[PDB]
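No Cβ is skipped: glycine too gets one built from the backbone with ideal geometry, and neighbour counts run over all protein chains shown. What follows draws every value from the coordinates through simple rules; no lab data is involved.
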Amino acid sequence: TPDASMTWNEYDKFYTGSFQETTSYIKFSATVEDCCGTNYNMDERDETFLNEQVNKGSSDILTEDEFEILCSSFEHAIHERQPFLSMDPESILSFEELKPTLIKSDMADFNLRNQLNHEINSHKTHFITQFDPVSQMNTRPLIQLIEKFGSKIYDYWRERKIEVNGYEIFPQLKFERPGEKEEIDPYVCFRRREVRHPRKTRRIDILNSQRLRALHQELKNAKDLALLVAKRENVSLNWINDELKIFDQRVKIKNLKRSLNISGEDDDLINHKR
Amino acid sequence: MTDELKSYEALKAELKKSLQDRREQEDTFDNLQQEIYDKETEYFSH
Amino acid sequence: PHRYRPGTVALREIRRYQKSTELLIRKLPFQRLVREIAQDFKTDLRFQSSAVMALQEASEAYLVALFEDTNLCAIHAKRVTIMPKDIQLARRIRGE
Amino acid sequence: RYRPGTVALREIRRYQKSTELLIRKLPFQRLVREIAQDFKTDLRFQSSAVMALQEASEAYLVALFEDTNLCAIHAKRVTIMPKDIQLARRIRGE
Amino acid sequence: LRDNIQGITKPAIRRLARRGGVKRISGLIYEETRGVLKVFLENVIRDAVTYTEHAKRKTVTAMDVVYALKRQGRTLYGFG
Amino acid sequence: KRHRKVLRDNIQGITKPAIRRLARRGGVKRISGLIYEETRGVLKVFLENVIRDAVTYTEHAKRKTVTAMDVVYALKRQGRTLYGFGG
Amino acid sequence: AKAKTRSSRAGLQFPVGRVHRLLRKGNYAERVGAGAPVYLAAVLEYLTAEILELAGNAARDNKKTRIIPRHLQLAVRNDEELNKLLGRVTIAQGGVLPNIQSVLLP
Amino acid sequence: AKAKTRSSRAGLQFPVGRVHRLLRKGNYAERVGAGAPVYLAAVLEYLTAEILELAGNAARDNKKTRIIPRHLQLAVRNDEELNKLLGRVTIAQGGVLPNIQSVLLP
Amino acid sequence: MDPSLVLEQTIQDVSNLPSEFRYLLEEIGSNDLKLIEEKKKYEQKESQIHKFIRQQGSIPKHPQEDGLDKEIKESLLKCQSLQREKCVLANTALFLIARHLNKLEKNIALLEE
Amino acid sequence: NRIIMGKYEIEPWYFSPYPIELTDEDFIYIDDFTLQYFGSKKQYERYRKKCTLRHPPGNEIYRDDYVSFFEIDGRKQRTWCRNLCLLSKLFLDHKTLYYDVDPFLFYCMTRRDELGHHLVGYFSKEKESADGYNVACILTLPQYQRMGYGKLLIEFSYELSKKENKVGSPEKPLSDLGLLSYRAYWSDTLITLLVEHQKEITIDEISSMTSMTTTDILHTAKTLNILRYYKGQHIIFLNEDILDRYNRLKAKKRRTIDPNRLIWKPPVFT
Amino acid sequence: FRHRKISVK
Amino acid sequence: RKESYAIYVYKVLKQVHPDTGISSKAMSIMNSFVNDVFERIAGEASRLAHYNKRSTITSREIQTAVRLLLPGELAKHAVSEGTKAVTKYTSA
Amino acid sequence: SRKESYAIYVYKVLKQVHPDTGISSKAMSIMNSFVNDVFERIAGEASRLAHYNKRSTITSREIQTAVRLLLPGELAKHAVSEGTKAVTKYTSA
DNA sequence: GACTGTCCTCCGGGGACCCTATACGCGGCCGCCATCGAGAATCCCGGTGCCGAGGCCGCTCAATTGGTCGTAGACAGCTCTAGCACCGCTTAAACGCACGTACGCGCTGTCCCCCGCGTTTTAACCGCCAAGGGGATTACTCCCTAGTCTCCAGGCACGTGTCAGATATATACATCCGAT
DNA sequence: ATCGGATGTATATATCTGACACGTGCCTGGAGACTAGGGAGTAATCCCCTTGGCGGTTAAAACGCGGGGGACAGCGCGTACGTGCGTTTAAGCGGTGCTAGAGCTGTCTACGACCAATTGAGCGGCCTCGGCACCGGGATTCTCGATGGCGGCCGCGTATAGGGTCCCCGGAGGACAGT
Ligand SMILES: *C(=O)CSCCNC(=O)CCNC(=O)[C@H](O)C(C)(C)COP(=O)(O)OP(=O)(O)OC[C@H]1O[C@@H](n2cnc3c(N)ncnc32)[C@H](O)[C@@H]1OP(=O)(O)O
């Protein structure tokens, strides 16, 4: 068998962090997309463009994460309004024509997350889960990024879109062509042959009323219970922050009293049972 | 000094505020505990 | 007194007769039946002893096979008592 | 809507009244060539040979179903079951 | 000779059944068995006698029985 | 990894309606669902035996083509004489 | 002296000469008797006549003037002795005798 | 030149000469090939060896040194292929295979 | 539009949901038990400080007051870490349930069209 | 050309139908958790900065002090399993990507670390196998080969077959390495069972106790000389070589799969 | 060897 | 050229039913039937000749074979027909 | 009068396969009948094979084909192996 | 006569041991497991005792050799049928799904019939004696059938015409099923 | 049991085709006629083995009397098989084109038939003894029903307990007497 024993030097650069083992076996069903964040990743050309044309001397900093958010929104909007852009890449929509869709766009369930952040009463901070990287909390909202840099970034992304003939910047796996269902070349793979198209339902209302609505009600009940538990944890967090603040203020008060030699009135420096 | 006494009074009032907030959060926590128990009973038993 | 439960003696007999290999029919009655039947084709026929013995062997083997088939048919009807209709069914399926 | 069994009786009369083959020729031919592969490759077949095979197969199956029906009736049932076919073939000596 | 078929008695029939593996026997079995045996014997003896007459002999040999069983698809070993 | 599509089975082509038609000609009124698969297996065994004998006759003649007479002889060798093709 | 067919000498329709030749070339015995082919041809003619008569009766019973294999099947399977003679024979395109079990009837 | 039996030339125990003679006198074909009797004798010897081996094993399993028909019956009926070969054969004094149906057991 | 497909997909997507919810709720429970234990650990020390003030006032310093304060800070900080973990876990669970609920609502709206 | 999976740069063995742009790259980057491919180092870096996955995207059904096992559905994790199949084609000339990954279950063995669980090998399984195969494709990373990991994978496959109350065999077109590995596993298991049993045992009892098919047992018996015909019957043959191999096996003290650590129930597919 | 049953049950 | 009993079957049909025809397939079936009966009778006669160590197939062997194969009235009428035919032939 | 049989050859085979085993007379008659049966079957099948192909000579090929027709599976395989081996050895000397 | 203090009799309400709850102590019975004795299962060890299997010995006759001769069959070349394969249109038939019922199936109760066992009776079995029919043998001698060579007309291939029946169409009658 | 509605099936008629019926020329398979050998018919023979009787022994068939248990009828539930309809698939038909290979013919050699001369393997008859059959005594572990017993739900109160129920308890006010 051919060798595989060569070691990479930048492993420590590309692989950092720590994963905590759990006592009980890991329970997981989320997809890869859920734990990766923005689907677009900048290449060397994109980072040189951002650094030299956007972040070279700007007083307002556009981050690489925000750059990928903008490029992902442009991608999604273009595939939505122009699913056949590869048919005529030169007829790609302008930034202003695509902007309303970007405004109404719901990228990465942003609206859902904002609604949740509203419901927890945690909209002071932002809604962050284990599937989300810590670095992406700081990024500005998408609408702000559109208003400030959307045309500037969109012109470059449009040029690269045209360069790839309306296809994806990231190189894609070869796909089955409808003209022939059998492709001699090995390249063609992962085709339809493992999907099985179903029979359509012209006259099914009953199932929707009976079981879909009942399961929706059960999901609502679970969501309400989880919201109550999350609020309980939010108030426990507020309590522990109160305890930290009280401890720091008590030690500062005690030091200031001992500096000024003030006696009595120590009730606020101690706890009272209730 | 009156400056350090002013800081002392400010810290006293802020600490009274955090003590009140702490008690209110504890009460809210107990309320949420009972509400969670009742809602669990409603959604799963009842 | 002592009595065996119904069916124990039956199983004992089954084991016994499946173990042994002697003819189970009485010689003389079988020979008299053979000659009686043979009278109806030609009068005053003589028989070698070996011919009668071969006839008895073939007859007993045929009947044993028929009884096995009959037993399978009776079991198929969720019964343990072979009945004439079982024999008729078996012979019909065979082609008789 | 006719009661269950009336249509079955009508089919019984219809198919006992005719003599045509009841299996589509092409699937049977493909099955024959598939089975033939397992003894020698690139075998060729006369059409008459395939037709004779189909005739024999259908006659054998009809006789087997008659025996199976007799077995099913014997058990005081009216629905044939695999056990009935197994019993028929066993008694036949197959 | 007449009614020698009664020589095949109930105990002999049930013995054959026991060797065949039968456990419980209806009383009506015996007459049916006698009839079946009579039919079988008639079928075999007819061919045996036919072979005997073709050879112009008055004595039935074992070989005649063997050839009859062979003609009926019931080949028998142990007699030549 | 599937290597060869030679595993395709044409025994399926013996559709349920065809088996029902055969049973109807045989006098069957009610049919269990497992009958169809049992029938496909029985037919496969029968055809394998007959075809094996036919091919044996064909190879003996040193011919590449299976003739009708070979099938007739195979049936004869199985005690299922057939009239209407020769011999 | 003109020749007369052995069939005519025996008053038969089947070819005695062909039967005799087939017997000689069939590897059955070293020698063939003179009357054996005559006897065999007569028996074959008789059986042919029996089957053709029954088939003709069936064809008339079906308002047909041309005998088809179905008629042959009906004629054979309706005759006890002919059915016993041909119990291991299959007739192509012969069909089956109409027979519906009583218990299945309403 | 002394004669060597054709069996010895083929390394066989069965008589090649007797088989050849029976073939010639059996009215099977006009001519008999030279190797056909050898082939047939070899096949017969092989089948005899198979049956005798199984019968000997059965006889040892019954603490006997002399093979009796019962052993032959057991050997044949216990071999699937031999049983299929002799499905229409009856062995005199052979008996039956011990076989008790489960449903009859208590 | 297939109602039965929507029902099947919703049930499949929610098939593993209760097990993960149990896992997360019991991980929150374990973290809350760690929080309760650490609460006892630092409440005992704060009780020592408070009783010291109750008996001798705030002007005199406890002989280990700086060490007790640092230990309380440590215990409180790891309590804060534990509570952060519980909050994140609850947020993830609520995210999953609300995401499934909204997806079902979207599919119900599409079937209602 | 050459691929950098995690810290190990690997040299591919066979063609794999990746995008031709990666066949145009000198280096290919593979994520150690999502198996995503990259020709661009910048995209690799950005993905790593945004990739929060540190374990196989599925439920953990087994875990010991050394490795853990994850059960992954191809239909639920389509992109990830496609990545796995694409990577697997590089090391078997015979893998077939002519069909997508939906009807396949993937049981992946990983080793845990501070960074997370590091995949060392796996074996796939058809959701509904007509042939009764308990393993469809089994690939073990070349940077972890010849370490006994494949033995542990086969052990886990038969542990699943026991938990399924079924016997199982790998897809019969085995590679030379796979054939040899299965020869070793079968020989070791058969010898261990024979010596520890210390009694005459029926073939069906061996197949029930090991979930090995009887055909495999018989073919191994023909390759070995375990079964001998002596005095009119075939009997257990306790020769020297068998006990010597059993002693070398006992002396090597290889890692084994602990069934009690398997918290798993067979999936139900409609 | 010449005989069958190289390996059976 | 391939020979068959077609013309003789046709003559017999015209003797028994002058106003009835026959399809070609039915004629083939009849021809196969004739060949089958021929082979059965000839084989039985050969076996009879062998069992009695005779090398000549006479009419007596044919008669015995017919009696063996044909059931009851069929055998009686076949024997009658063969005897009549042989008798008439021997007097010509 | 001399009445031939196969007894002595069966006895030789028995001595080659089980040197310490004997056989009863009735079993020897059964074996002789079995041998005659198989002989008749194979010779008849060979005769039909020769007739079908319009040949007048029974060669080894016909015997082999008849054996393949009459013997099931491994019995046929081993019988063909034995026949070919014996014919080859006979052809050698 | 007015005021301070002590005895005794009457409104307002604590209470004390309670009316039959309430929960288990303390078993009946009962319930299935825990042994547990009695028959039994043919089997087993050892003389012993014969007769069938196996070894020997002439004596053929069937197997071997060594020629010779004739033709079946192996082989090469050649023709052309027909088996295969692909294209494309039609629609009969297969398939999927929804619906309802009637059939399979399990369960309970009844009873009569077949098993088990003891007693009586027959007649199968065996050993022996005896006759003679007919199977088996041999020796002769005829005539029937294979083999030949000639001769010619029945039966085959192969063309030719037309009408029995397949198909289509329009229709009355038989059969099923729901309603009363 | 009677009646009408709806579907299938048999019935009358008309048309159109191809397969059946018939004609011809040809040749090769059947009819004549002849011979020679030997298969088979015939007579006469020997003695085996088939048939048929007696008479004693006793195993086995026949008979009879329980009674347990399996065949059988009824019955009540539910699944699954049949029916019908709309959608979908490919079988069927026809049409075209190709070439593998079935079929035929003409070679000529090798092999098998045939016969005569030879002889040893194999057959029939003839011993000889130990494998196997029989006739006893003996003999553990395997099934089966039986009831004795450790311990669980429930009879059936009893010790304790929320609380109906009213004669006495607390101090404070009114009438006869005293300071
Ligand atoms: C079709 O049926 C699907 S199954 C095949 C799928 N593809 C596939 O397996 C190809 C890529 N993967 C591998 O081949 C992979 O290596 C496995 C799956 C075979 C696992 O191998 P490991 O090396 O990880 O297995 P171990 O348990 O460590 O045992 C390895 C044994 O192999 C011997 N070996 C390996 N390379 C060798 C060379 N070049 N020369 C000699 N021997 C070699 C090891 O010595 C070891 O033998 P053991 O007896 O010690 O087990």
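Here are a few things to note about the model shown:
- Residue among H:80, H:50, H:45 that alone is more than 14 Å from DNA strand N (Cβ to nearest atom) and within 17 Å of residue M:40 (Cα to Cα): H:45
- Applying the set (1) under 19 Å from residue J:87 (Cα atoms); (2) more than 18 Å from the chain's Cα centre (by Cα) to residue J:46 leaves exactly one unmet item: (1).
- If the condition is being farther than 17 Å from residue F:1 by Cα and either of a type in the set (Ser, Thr, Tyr) or not in a loop (DSSP other than H, G, I, E, B) (or both), then region A:193-205 contributes only A:201.
- Inter-residue pairs, beta-carbon under 7 Å, first at the interface with chain E (Cβ under 8 Å from one of its Cβ atoms) and of a type in the set (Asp, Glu) and in region C:64-82, second in a helix (DSSP H, G or I) and surrounded by fewer than 18 Cβ atoms within 10 Å (Cβ to Cβ), 6+ apart: none
- For region G:43-65, the candidate set comprises residues that are among the small types (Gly, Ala, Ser) and more than 15 Å from the chain's Cα centre (by Cα); within that set, the residue that is nearest to the ligand (Cβ to nearest atom) is G:58.
- Listed conditions (1) closer than 20 Å to residue F:67 by Cα; (2) surrounded by fewer than 21 Cβ atoms within 10 Å (Cβ to Cβ); (3) not basic (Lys, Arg) are all met by residue D:63, apart from (1).
- Options H:44, H:12, H:105; residue that is hydrophobic (A, V, I, L, M, F, W, C) and closer than 23 Å to residue E:75 by Cβ: H:44
- Of all positions in region J:169-192, at least one carries a residue that is within 13 Å of the ligand (Cβ to nearest atom), acidic (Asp, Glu) and farther than 16 Å from residue J:151 by Cα.
- Qualifying residue in region G:80-100 (condition: within 14 Å of chain F (Cβ to nearest Cβ), surrounded by fewer than 20 Cβ atoms within 10 Å (Cβ to Cβ) and charged (D, E, K, R)): yes
- Failed criterion for residue G:90 (all others in (1) away from DNA strand N (no atom under 15 Å from the Cβ); (2) under 27 Å from residue D:20 (Cα atoms); (3) not in a strand (DSSP E or B) hold): (3)
- Whether a residue is of a type in the set (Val, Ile, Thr), under 30 Å from residue I:10 (Cα atoms) and away from chain J (no Cβ under 11 Å) was assessed, and residue A:206 passes this test.
- Of the numbered criteria (1) within 12 Å of DNA strand N (Cβ to nearest atom); (2) farther than 19 Å from residue F:54 by Cα; (3) of a type in the set (A, V, I, L, M), the one residue M:49 fails is (2).
- The lone exception for residue H:18 - which of (1) within 11 Å of DNA strand O (Cβ to nearest atom); (2) closer than 18 Å to residue M:57 by Cβ it fails: (2)
- Only one of A:49, A:19, A:67, A:14 that is buried (at least 19 other Cβ atoms within 10 Å of the Cβ) and touching a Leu at 6+ places or on another chain (Cβ under 9 Å): A:67
- Candidate set from region I:5-20 (those that are under 15 Å from residue J:269 (Cα atoms) and surrounded by 16 or more Cβ atoms within 10 Å (Cβ to Cβ)); member that is nearest to the other protein chains (Cβ to nearest Cβ): I:16
- Against the test of being away from DNA strand O (no atom under 14 Å from the Cβ), facing chain C (nearest Cβ under 7 Å), more than 24 Å from residue M:34 (Cβ to Cβ) and hydrophobic (A, V, I, L, M, F, W, C), the options E:37, E:28 yield a single qualifying residue, E:37.
- Of all residues in region F:54-72 being more than 14 Å from chain G (Cβ to nearest Cβ) and either within 15 Å of the chain's Cα centre (by Cα) or of a type in the set (A, V, I, L, M) (or both), the one that is farthest from residue D:49 (Cα to Cα): F:61
- Filter result for the condition that a residue is more than 8 Å from chain A (Cβ to nearest Cβ), hydroxyl-bearing (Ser, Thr, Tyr) and either within 16 Å of DNA strand N (Cβ to nearest atom) or not in a loop (DSSP other than H, G, I, E, B) (or both), over J:107, J:47: J:107
- The set of residues from region C:71-96 being touching a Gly at 6+ places or on another chain (Cβ under 8 Å) and either under 18 Å from residue H:96 (Cβ atoms) or crowded, with 16+ Cβ neighbours inside 10 Å (or both) comprises just one member, C:71.
- Taken as a whole, the condition of being part of a helix (DSSP H, G or I), under 17 Å from residue L:81 (Cβ atoms) and within 10 Å of DNA strand N (Cβ to nearest atom) applies to residue G:36.
- Boolean, residue I:67 is assigned to a helix (DSSP H, G or I), without any contact (Cβ under 8 Å) to a residue 60 or more places away in the chain and over 30 Å from residue I:96 (Cα atoms): yes
- For region D:1-26, the set of residues classified as under 16 Å from the mean Cα position of the chain (by Cα) and either within 9 Å of DNA strand N (Cβ to nearest atom) or charged (D, E, K, R) (or both) consists of D:11, D:20, D:22, D:23, D:24, D:25, listed by residue number.
- Among residues of region G:10-35 that are facing chain L (nearest Cβ under 7 Å), those with a Cβ under 6 angstrom from a residue that is part of a loop (DSSP other than H, G, I, E, B) and near DNA strand N (Cβ under 8 Å from one of its atoms), sequence gap 6+ or separate chain, pair up as G:33/L:58.
- Selection within region L:28-62 - more than 9 Å from chain G (Cβ to nearest Cβ), of a type outside the set (S, T, N, Q) and in contact (Cβ under 8 Å) with a residue 12 or more places away in the chain: L:40, L:44, L:48
- Filtered by the rule that a residue be touching a residue at least 12 places away in the same chain (Cβ under 8 Å), among the aliphatic types (A, V, I, L, M) and more than 7 Å from chain F (Cβ to nearest Cβ), region D:6-31 gives a lone residue, D:21.
- Residue B:16 vs. criteria part of a helix (DSSP H, G or I), without any contact (Cβ under 8 Å) to a residue 24 or more places away in the chain and within 7 Å of chain A (Cβ to nearest Cβ): yes
Yes/no per residue for (1) on the phi > 0 side of the Ramachandran plot; (2) within 7 Å of chain H (Cβ to nearest Cβ); (3) without any contact (Cβ under 8 Å) to a residue 24 or more places away in the chain; (4) outside any helix (DSSP H, G or I):
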{"position": "M:19", "(1), (2), (3), (4)": "no, no, yes, yes"}
{"position": "M:64", "(1), (2), (3), (4)": "no, yes, yes, no"}
{"position": "M:84", "(1), (2), (3), (4)": "no, no, yes, no"}
{"position": "M:88", "(1), (2), (3), (4)": "no, no, yes, no"}
